[PDB]
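J.: Sharing an experimental structure here, sequence included.
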Amino acid sequence: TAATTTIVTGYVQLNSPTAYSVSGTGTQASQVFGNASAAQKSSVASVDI
Amino acid sequence: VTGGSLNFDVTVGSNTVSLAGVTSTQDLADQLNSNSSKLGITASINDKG
Amino acid sequence: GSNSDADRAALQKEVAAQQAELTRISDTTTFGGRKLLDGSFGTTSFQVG
Amino acid sequence: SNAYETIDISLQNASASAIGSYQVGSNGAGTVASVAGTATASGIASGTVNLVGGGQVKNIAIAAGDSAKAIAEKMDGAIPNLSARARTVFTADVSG
């Protein structure tokens, strides 16, 4: 019995210096960014280079 | 902000801003500073808070 | 080059600053609190005879 | 020379070690996504994704079946000061 999930799709993590905000009707946004609502800061001191 | 953010809008005269993801004062501050082009109202958050 | 300078946002900010500066040059010409170019100029006439 | 005739300046709030990429990007804010970075049966679905920020407001619509690269280019561009990456790193193990 073969499986169902076969379309492997990676992450589309983009970048923005300024402040953005992502919203979407129904599941259109969650399927791409999940619970993500506006933005982050990334607070770069923890570079862990 | 108890479990979420304040996804609201701001009507600056004729045009209307469509900001989202407000959890702290800094969030709203950066959102205003970014959209400063469209919205004809300057923002000024002193680093005090 | 129509695609080379991704800083077109900063360029538009520069142009908007120039536009606001021009609008300010329109003002501040109040030779008697009666700013010549902007404000309210009634298209007047000077008496000479 | 008149009252309240001033010139505004919008100097940065601060340039400490808190300035950088105001960006989660995907699948890492709150809960992971359902299709992005995850194997699916139907794949990417149709619809639109609102992206508000920097004055301009966009409504780029992502059709169904579109690869991650599709979203990568489409959500890029128009929005001022925005870049976009795309990767599909995944593991596998043949057993049984």
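T.: Structure received. Residues are numbered from 1 along each chain as shown, chains lettered A, B, ... in the order given.

J.: Name the surrounding residues that touch stretch D:70-79.
T.: Contacts to stretch D:70-79, defined as Cβ atoms under 8 Å, 6 or more residues apart in numbering or on different chains, come from residues A:12, A:14, A:16, A:20, A:32, D:44, D:49, D:51, D:53-54, D:56, D:58, D:60, D:62-63, D:82-86. (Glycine included, C-beta is placed from N, CA and C.)

J.: should've said stretch C:12-21
T.: B:37, D:80.

J.: Keeping just the C-alphas, turn it into CSV.
T.: Extracted in CSV, the C-alpha atoms of stretch C:12-21 (Å, rounded to 0.1, in the frame of the first residue of the first chain):
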residue,chain,number,x,y,z
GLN,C,12,12.5,57.2,-3.8
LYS,C,13,13.1,58.4,-0.2
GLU,C,14,15.7,60.8,-1.6
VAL,C,15,13.2,62.1,-4.2
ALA,C,16,10.4,62.5,-1.6
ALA,C,17,12.8,64.4,0.6
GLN,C,18,13.7,66.7,-2.4
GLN,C,19,9.9,67.1,-3.0
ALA,C,20,9.2,68.1,0.6
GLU,C,21,12.2,70.5,0.5
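
J.: Leaving out the residues flanking it, which one is nearest to the most centrally placed residue in chain D?
T.: Against the mean C-alpha coordinate of chain D, by Cα atoms, centre = their mean, the closest residue is residue D:25 at 5.0 Å. Setting aside the residues directly before and after it, residue D:25 is nearest to residue A:13 in space (Cβ to Cβ, 6 or more residues apart in numbering or on different chains), at 2.9 Å.

J.: same deal with residue C:23?
T.: According to Cβ to Cβ, 6+ apart, the nearest residue to residue C:23 is residue C:38 (7.6 Å).

J.: dump the residue contacts of that neighbour.
T.: Contacts of residue C:38 (Cβ under 8 Å, 6+ apart): C:23, C:26-27, C:29.

J.: From those residues, which land in strands?
T.: Among the contacts of residue C:38, no member falls in strands (criterion: DSSP state E).

J.: I'd like the residues you listed laid out as a markdown table, including neighbour count and distance to residue D:32.
T.: Below are the contacts of residue C:38 laid out as a markdown table (neighbours: other Cβ atoms under 10 Å in any protein chain shown; distance: Cβ to Cβ, whole Å):
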| residue | neighbour count | distance to residue D:32 |
| --- | --- | --- |
| C:23 | 10 | 49 |
| C:26 | 13 | 54 |
| C:27 | 14 | 54 |
| C:29 | 14 | 60 |
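
J.: Among the residues you listed, which one sits closest to chain D?
T.: residue C:27 (6.7 Å; Cβ to the nearest Cβ).

J.: so residue D:61 bridges to which residues?
T.: residue D:48 (DSSP bridges).

J.: Just to check, it is in contact with residue D:51?
T.: No: Residue D:61 is beyond contact range of residue D:51, at 11.2 Å (criterion: Cβ atoms under 8 Å).

J.: of these two, who's got more company?
T.: It is residue D:51, of residue D:61 and residue D:51, that has more neighbours when counted by other Cβ atoms under 10 Å in any protein chain shown, with 24 against 11.

J.: Near chain B, list only the ones from the contacts of stretch D:70-79.
T.: Contacts with chain B are made by D:53-54, D:56 out of the contacts of stretch D:70-79, judged by Cβ under 8 Å from any Cβ of the partner chain.

J.: And the residues you listed, which of them are buried?
T.: Neighbour counting by 16 or more other Cβ atoms under 10 Å in any protein chain shown classes D:53-54 among these as buried.
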